[PDB]
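A.B. asks: Take these chains first, placed just as they are in the complex:
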Amino acid sequence: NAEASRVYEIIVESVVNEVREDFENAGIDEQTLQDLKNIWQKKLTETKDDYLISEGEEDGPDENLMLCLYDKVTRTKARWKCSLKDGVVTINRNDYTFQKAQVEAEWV
Amino acid sequence: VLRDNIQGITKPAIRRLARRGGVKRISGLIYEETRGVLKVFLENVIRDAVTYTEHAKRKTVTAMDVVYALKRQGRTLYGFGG
Amino acid sequence: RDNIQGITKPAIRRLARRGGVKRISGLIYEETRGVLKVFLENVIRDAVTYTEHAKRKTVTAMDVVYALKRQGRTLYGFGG
Amino acid sequence: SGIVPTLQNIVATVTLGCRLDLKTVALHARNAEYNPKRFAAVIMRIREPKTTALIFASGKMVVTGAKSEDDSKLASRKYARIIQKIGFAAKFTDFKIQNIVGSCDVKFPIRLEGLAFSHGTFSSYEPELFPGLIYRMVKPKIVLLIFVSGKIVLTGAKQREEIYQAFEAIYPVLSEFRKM
Amino acid sequence: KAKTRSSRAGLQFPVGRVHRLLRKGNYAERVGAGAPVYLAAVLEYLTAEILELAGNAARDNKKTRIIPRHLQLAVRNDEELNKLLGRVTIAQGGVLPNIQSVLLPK
Amino acid sequence: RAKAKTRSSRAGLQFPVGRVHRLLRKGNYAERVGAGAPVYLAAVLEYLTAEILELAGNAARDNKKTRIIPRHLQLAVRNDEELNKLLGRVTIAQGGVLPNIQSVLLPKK
Amino acid sequence: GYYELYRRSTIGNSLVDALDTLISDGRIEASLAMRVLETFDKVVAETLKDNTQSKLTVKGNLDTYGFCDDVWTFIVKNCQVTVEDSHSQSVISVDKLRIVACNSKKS
Amino acid sequence: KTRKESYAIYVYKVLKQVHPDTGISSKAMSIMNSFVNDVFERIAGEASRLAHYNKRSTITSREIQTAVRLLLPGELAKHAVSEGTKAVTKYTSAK
Amino acid sequence: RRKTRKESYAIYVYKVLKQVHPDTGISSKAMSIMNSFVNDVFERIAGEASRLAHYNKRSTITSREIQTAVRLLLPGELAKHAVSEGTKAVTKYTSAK
């Protein structure tokens, strides 16, 4: 929503700033920095047997994926509690960013 | 609710430790303060014991390693080897 | 004898001032004389033990430093 | 008596022969947990029937959590079928069930102190260590867990028959120490 | 015939083993003959004292078997041995049953 | 026979590797002493000496002095947290104490 | 010795296609592109570590799980996710969620 | 080597002479073994330090006696010294 | 007669001082304090290495035991930098004769 857009803007500004030094160190003009940033911004704006899991591929925009870190994992027979950290999630073509999350899972 | 491992030192455990120490009445922040103190103490003793272990080229922390770690700091412990 | 009274009220007051004390009760002086007497008996007992082990009749500075070292009060500035 | 214990968990072992490269098994298979440093095995679970397979380096696999013995072997068949799907070729051999655990309730209060006093050399009771008393029998070699509520745990049995006679044997002793 | 050094000294502790541990423990290049005898006597006396007080504590609790609780009572109840073992923890020993007077009911 | 070279010069140290080796051998610490043990120990002693002497020279500069006195060593030790941990049970003669007054004792308006 | 985890993220996905389009153009060398991706991973990790305040809870069935190479991969079913914006809890019912995880510090 | 080293037999003998009809737990045995080892190590270290202070190279009865005086409290030191000198006298008499 | 030699770390402390502070001097009492400090840290590290060699049934004190004793006694930052200096010195000494 608002918070996700603001944080994404911090990532954009910080990365574009930090990256330029290596580009200049090797002879790459400052025009490329602008080109990469503008096109990158445009794409963000517009975009917003059964056992064998080896044949797994990104379904597309529809799929919901969590990239996060795990503090620790607890073991229970039915409940599967798990503390998670530093995660960005995308559900129903919307982006929600968090520092920590708690997931409780059920072992059918 | 899932809690941190340091929170695994539950409030009744700290209260029992206080009762053995003679503490009739306990505040509400004594639990967090005691968890922090215990974490610091355990960090020091386990760091010393893991150093003793790494010197012996072992991958398992031995009870004698903990006894030697405790003995240098003067907090001697009887009952796990001499 | 009267020598424990030689640790005077101003001397104990100065020691408290170095310790950061702003107000001293009248009984701190006798309490401090007792504490100092106990400490000195411990340290001088150990020092005279070290001296007697060396079959000497003079308490050297090394006896005092050695005695303090095993009471955990390591002293720098007098050798060893 | 009028009670028959119900088997809940079957602990079985199967050896597969050829040594396994666990990394491929962990990557290809689902519902797998392989932390190499802590433990030299992958923990694998299947929803239906609910079981837990521990697959080791040498090929020996351990199946637990099975309600019945035929259910346990069927679960092993499913594990063998999926491991064949992984890409490792192995043949099942030396199937045996070393331990099965049975739970039964007499539904009547019993006095643990009398049982402890009568069989003090034979069995040991320690209230603070455990609210139950362990009961070790020379014949049959079935460890028994006794409780004040009257829940009796049967463990240590190769086959169902062995626990069944052991429960039948324990029932008169339990009746003797009945309350009221 | 051969007689053990403990029987010669009149001790139960092994003078020979104490001598070995003194020689191998890197305390000096030479160890005197009287040193393991004296050290074994001191260790045996301290053992006898602690075990006597622990047996008294075990009789007080109507027990015939010294447990760590009785060793803790023996150490912490005697003043001299509490000074000696003031920085020592005894496993499964607990504490002395001491309650502060201010906390007692009015 | 080639010209004698001190072990400290070989190790690039100022502290005496040979004297530390002889003290380790005579100190009754073990029946044998490795070759790199006095080198390592002399390096550690030189580093700790350099740390305290640098901090004491800084303290002596702060007091507009060019000699290190026990007061400067005391200030250097007690002002650094790690060194004060290392020398917690240590008493420095003629060192004084750290200037420290509790805030409750200060006057009020 | 630095985590490659956030490459799959939508923001990360946007960067990888943009660099790929740039490489197709040929404006910059490919090794530099890899360098930029590594910088992105480092920057995103610290900003996630500190610059976010939102709180959320996932309540759901657990279809499948996996733990290989110190990576925890959970597939969670019929999640009841309650997310609060930093500037109220909002209940979203999502059919399937993939949880990809990694330990804070790898050995 | 597989063989280990413990003071259990001697502690048992002392227990029977002091209190004939009292046992001792195995945990209490580990505590007594570590106590004997710790007190031995303290006394031997103090005696070694003593011999180093006086530029000696031998641990004699005098260094053990002085280390007992220094480490043990007054009543314990007095009685342990009396025991040690009695044992050394008996040992030297029988030779 | 002539007084027998009494070895001290006075000249080595003075060399290290002239290295870190080329113009700063040191009193005799401060030199005695530094000598006591060097002796104290020496006997601490050496006693810890002796106990360390005795615990692992070994009979030689090497750079390994001295390094582990430095990790044990010294605080973490001090231990890390003392281990770095000792490792550098042992490396340079082994590289040469």
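C.D. replies: Nice, thanks for sending it over. Numbering: from 1, shown residues only, chains lettered A, B, ... in the order given.

A.B. asks: doesn't residue G:86 fall inside a strand?
C.D. replies: No: checked against DSSP: H, G, I helix; E, B strand; the rest coil, residue G:86 lies outside a strand; its state is coil.

A.B. asks: who touches the residue nearest to it when sequence neighbours are not counted in this structure?
C.D. replies: Spatially, and ignoring its direct neighbours in sequence, residue G:86 is nearest to residue A:3 (4.4 Å; CB to CB, 6 or more residues apart in numbering or on different chains). Where you see a C-beta, it was placed from the backbone N, CA and C, and this is true even at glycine. By CB atoms under 8 Å, 6 or more residues apart in numbering or on different chains, residue A:3 lies in contact with A:97, G:52-54, G:85-87.

A.B. asks: quick one: stretch B:16-31 near chain E?
C.D. replies: Yes: residues of stretch B:16-31 contacting chain E under CB under 8 Å from any CB of the partner chain: B:20-22, B:24.

A.B. asks: So which of those is the closest to chain D?
C.D. replies: Closest approach to chain D among these (CB to the nearest CB): residue B:20, at 15.6 Å.

A.B. asks: Tell me how chain G divides into domains.
C.D. replies: Chain G breaks down by curated CATH domains into domains covering G:1-53, G:54-104.

A.B. asks: Is residue B:64 within a helix or a strand, and which one?
C.D. replies: Assigned by DSSP states H and E, residue B:64 belongs to helix B:63-72.

A.B. asks: same check, this time on residue D:38
C.D. replies: Per DSSP H and E: residue D:38 is located in neither a helix nor a strand.

A.B. asks: so how far is chain C from it?
C.D. replies: For residue D:38, the distance to chain C equals 42 Å [CB to the nearest CB, to the nearest Å].

A.B. asks: Just give the number of residues close to that residue.
C.D. replies: Neighbours of residue D:38 under the rule other CB atoms under 10 Å in any protein chain shown: 7.

A.B. asks: May I see the domains of chain G organised as CSV, with mean neighbour count added?
C.D. replies: Formatted as CSV, those follow (neighbours: other CB atoms under 10 Å in any protein chain shown):
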stretch, mean neighbour count
domain G:1-53, 16
domain G:54-104, 17
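
A.B. asks: Go through the ones you listed and name the closest to residue F:21.
C.D. replies: Closest approach to residue F:21 among the domains of chain G (CB to CB): domain G:1-53, 39.6 Å.

A.B. asks: let's bring in chain J now:
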Amino acid sequence: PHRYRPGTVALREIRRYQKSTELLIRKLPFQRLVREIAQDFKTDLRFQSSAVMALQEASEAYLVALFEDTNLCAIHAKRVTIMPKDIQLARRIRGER
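C.D. replies: Placed with the earlier chains, chain J looks like this:
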């Protein structure tokens, strides 16, 4: 119904737990805590049972002695309830902090 007067049950627990010798911290959360702490130093460390038991005995002894000092210095302030400033005072006097 009948309610016990405040402080009677606290004293009952004091007498009970000062009469006992059992461990007052549950062994499994303490073991998890030990392993977590140990992870930060060296990874993939295994722990002997007796090692965790010795760690738990030492931790309970340290915390009981700290609580005793905390109670003494809280009574010194003419109080009964112990606050964290009492722990900070006791630790400061002991030299821990």
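
A.B. asks: What about the neighbour count of residue D:38 again, now that chain J is present?
C.D. replies: What residue D:38 shows, counting by other CB under 10 Å, is a neighbour count of 10.

A.B. asks: Name the single longest helix found in chain H.
C.D. replies: Criterion DSSP state H: the longest helix present in chain H is helix H:26-53.

A.B. asks: make that chain A, sorry
C.D. replies: As assigned by DSSP H, the longest helix anywhere in chain A is helix A:2-25.

A.B. asks: what does the helix or strand just after that helix rub up against?
C.D. replies: Once helix A:2-25 ends, the next helix or strand along the chain (criterion: DSSP H and E) is helix A:31-47. Applying CB under 8 Å, 6+ apart, the contact partners of helix A:31-47 are A:8, A:12, A:16, A:19-20, A:23, A:61, A:93, G:10-11, G:14-15, G:17-19, G:21-22, G:27-28.

A.B. asks: rerun at 6 Å
C.D. replies: A:16, A:20, G:14, G:18, G:27 (CB atoms under 6 Å, 6 or more residues apart in numbering or on different chains).

A.B. asks: Enumerate the positions of it that are buried.
C.D. replies: A:32-33, A:36-37, A:40-41, A:43-44 (16 or more other CB atoms under 10 Å in any protein chain shown).

A.B. asks: Please produce JSON lines containing those, extended by distance to residue J:53.
C.D. replies: Below are the buried residues of helix A:31-47 laid out as JSON lines (distance: CB to CB, whole Å):
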{"residue": "A:32", "distance to residue J:53": "63"}
{"residue": "A:33", "distance to residue J:53": "61"}
{"residue": "A:36", "distance to residue J:53": "59"}
{"residue": "A:37", "distance to residue J:53": "59"}
{"residue": "A:40", "distance to residue J:53": "57"}
{"residue": "A:41", "distance to residue J:53": "59"}
{"residue": "A:43", "distance to residue J:53": "59"}
{"residue": "A:44", "distance to residue J:53": "56"}
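
A.B. asks: For residue D:179, state which of the residues you listed is nearest.
C.D. replies: Minimum separation from residue D:179 among the buried residues of helix A:31-47 (CB to CB) is found for residue A:44, which lies at 73.1 Å.

A.B. asks: How many residues are close by the residue of chain G found nearest chain F?
C.D. replies: Proximity of chain G to chain F (CB to the nearest CB) peaks at residue G:105, 24.5 Å away. Residues within reach of residue G:105, counting by other CB under 10 Å, total 11.

A.B. asks: Quick check, residue E:75 in contact with residue E:81.
C.D. replies: Yes: counting by CB atoms under 6 Å, residue E:81 is a contact partner of residue E:75 at 5.1 Å.

A.B. asks: include chain K as well:
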Amino acid sequence: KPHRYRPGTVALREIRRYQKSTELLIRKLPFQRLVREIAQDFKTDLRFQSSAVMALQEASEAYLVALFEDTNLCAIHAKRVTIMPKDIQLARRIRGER
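C.D. replies: Putting chain K together with the chains above:
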């Protein structure tokens, strides 16, 4: 009227002065006489090196100063300023000296 300083101003001035300085705060002949009387109880006809009495005095003054720091801290803990002997007894109890 003569000039007067409010109570505690001069006490603080002495605190700053003696914390700034390093001399020994006990006179050396009374402390020496105390040391010799105490040593008369252990061995008779003892003699003391001058540096031994100086080391004893430095150790005693450092011990008393650290004790008064702990005493002041535990007095302030009781929301007080004046130290009584019960503060000293608390400090010695916590340090493991009683």
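
A.B. asks: ok chain K is in now, so what about the contacts of helix A:31-47?
C.D. replies: Residues outside helix A:31-47 that contact it (CB under 6 Å, 6+ apart) are A:16, A:20, G:14, G:18, G:27.

A.B. asks: So the second one versus residue A:33, what's the distance?
C.D. replies: In other words, residue A:20. Shown here: residue A:20 relative to residue A:33, a distance of 5 Å by CB to CB, to the nearest Å.

A.B. asks: Same check on the first one?
C.D. replies: Distance from residue A:16 to residue A:33, counting by CB to CB: 6 Å.

A.B. asks: Which one of the residues in chain J is closest to chain D?
C.D. replies: Proximity of chain J to chain D (CB to the nearest CB) peaks at residue J:44, 3.8 Å away.

A.B. asks: For the most centrally placed residue in chain H, give its distance to chain J.
C.D. replies: In chain H, the centroid-proximal residue (CA atoms, centre = their mean) is residue H:40; its distance is 5.5 Å. Using CB to the nearest CB, residue H:40 is found at 21 Å from chain J.

A.B. asks: Tell me who's in contact with the residue of chain H at minimum distance from chain A.
C.D. replies: Relative to chain A, the nearest point of chain H is residue H:27 (32.0 Å; CB to the nearest CB). By CB under 6 Å, 6+ apart, the contact list for residue H:27 reads residue E:68.

A.B. asks: how far away is it from chain K?
C.D. replies: 26 Å.

A.B. asks: now do residue D:108
C.D. replies: Counting by CB to the nearest CB, the separation of residue D:108 from chain K is 57 Å.

A.B. asks: likewise residue E:18?
C.D. replies: Noted for residue E:18: a distance of 30 Å to chain K, by CB to the nearest CB.

A.B. asks: check which helix or strand covers that residue.
C.D. replies: Remark: residue E:18 resides in helix E:15-24, with elements defined by DSSP H and E.

A.B. asks: after that helix comes which helix or strand?
C.D. replies: Per DSSP H and E, the helix or strand that comes after helix E:15-24 is strand E:30-31.

A.B. asks: and the following helix or strand past that following strand, is it in reach of chain B?
C.D. replies: The C-terminal neighbour of strand E:30-31 among helices and strands, as given by DSSP H and E, is helix E:34-60. No: Helix E:34-60 is not in contact with chain B by CB under 6 Å from any CB of the partner chain; minimum separation 11.1 Å.

A.B. asks: re the thing from before, and the helix holding residue B:64 with helix I:63-73, angle?
C.D. replies: Per axes from the mean of the first three to the mean of the last three CA atoms, to 10 degrees, the angle that helix B:63-72 makes with helix I:63-73 is 60 degrees.

A.B. asks: All good on my end, thank you.
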